[PDB]
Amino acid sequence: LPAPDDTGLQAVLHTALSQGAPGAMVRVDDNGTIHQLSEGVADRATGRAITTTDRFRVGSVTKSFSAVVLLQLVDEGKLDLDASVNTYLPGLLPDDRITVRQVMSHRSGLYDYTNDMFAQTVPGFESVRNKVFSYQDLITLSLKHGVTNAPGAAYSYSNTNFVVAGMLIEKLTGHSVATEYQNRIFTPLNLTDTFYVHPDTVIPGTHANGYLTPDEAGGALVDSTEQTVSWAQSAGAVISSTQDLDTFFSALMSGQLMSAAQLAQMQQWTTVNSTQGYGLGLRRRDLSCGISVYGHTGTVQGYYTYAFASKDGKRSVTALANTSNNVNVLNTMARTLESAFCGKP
C-alpha cells in the first residue's frame, strides 16, 4: 500500500469543519504504525476539543457486528443462510420465500420503517429519541408497507433487515444481542471502548457529543447525543471508538472472527453502485487508486462514521464527524479513505 497521507487527512478534517461539522477525526492503523488526527470540538457549547479516543455512536456499522454473530451461528450449525426467515421466526414475514441471506444483503424487499420516522429530520428525532420499541414493533411498522421488490431480486438498503437479524440472534441463542456481542466480539477482541447499552441513553465515558443539522439551511444545531437508539437496535445502537473499530475490521478481514467459509460468504458482493458492493452486513468501496476497502458506514443523529480495512486487515481506518444530515460533511469525510489508503496524489 501507498503511505497514508496525513497532510491530505488534515485537509479533509479542516474542510469538514468549514462545512459544519463541529469536530472531525480519523485514526489509521497502518500495519502497526498509528496515524491520528482530529480538529474541532466534541462539545460545541463547552468548547471541549474532539480527540481520537472519544467514544461515539457508530450507527449502521452495528450491522457488521450483527452479521458476525449470525455467521458464527452458521459456523455452529444453528442457522442456515438459505433457510426462510419464517423457519426460525414463524409468521414474522408475509412471504416465506424471504431468506436469511437476502435479509443480510438487503435483497429481502422489506420496507425501511425509518423512512416514515425521519421524513422531517429534527421532528422525527424528537419523536423517537426517548421511545423504547420491541423488535416486533419495528417489524410491524415495516409491514404496514408492501415489500419493495421480490425476495432476493434487488438491492435496497433497509434497517428492517438488521432488526430481523437481532430477532434471529435472540431467538436462536436465548440471549440478548448485548450478551452475544459481548461474548463473541467485544471480549475476545478486548474492545474496551465498545458497548451496546440499549435502551440506555448515556454514552459511557468520555465521548463526542452529536449535533444534528436541521433541515432548514443555516438553522441551529440540535444536541442529539443522548437517545435510546431503540428505533435501530441491532441495526444501529453500538457505541465504539476509532481504535476499536480499526481492531474489529482488521480482525474480521484477517480471518479471526469466523471460518474462512463464512468470511467468503460475507464477501459475496451485491452491487450497490458502480464503485460499491454489499456483502452480508459488510460494504465494499472501490477507491480512485484501484484499491478496494471493506467495512461499513454509519449515520445516527449527530454522527457520521466511516470504518474500513484493506483486504488482509493490515491497514484499517476509522473516521468520525459529530454531525449528521449534512451531505457536504458526509461527502468530505469519505475522502479520508482516499488519503489513508491511496496516499498523496
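Residue indices: 1-based, along the sequence shown.
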>> Tell me which stretch, 89-97 or 179-187, has the higher mean Cα B-factor listed in the entry.
In response: 89-97
>> If you take the mean CA temperature factor per stretch, which one wins between 207-215 and 257-265?
In response: 257-265
>> Among the choices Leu221, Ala150, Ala235, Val229, identify the one whose CA B-factor in the record is greatest.
In response: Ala150
> Looking at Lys63, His35, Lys314, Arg57, which has the biggest Cα B factor in the entry?
Replying inline: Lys314
>> Ranking the modelled residues of this chain by C-alpha B-factor as given in the entry, is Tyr113 in the lowest, middle or highest third?
In response: highest
> For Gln301, does the deposited CA B-factor place it in the lowest, middle or highest third of the chain?
Replying inline: lowest
> When the modelled residues of the chain are sorted by Cα temperature factor, does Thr192 land in the lowest, middle or highest third?
Replying inline: highest
> Can you tell me which third, lowest, middle or highest, the CA B-factor of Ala154 falls into for its chain?
Replying inline: highest
> Can you tell me which third, lowest, middle or highest, the CA B-factor of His198 falls into for its chain?
Replying inline: middle
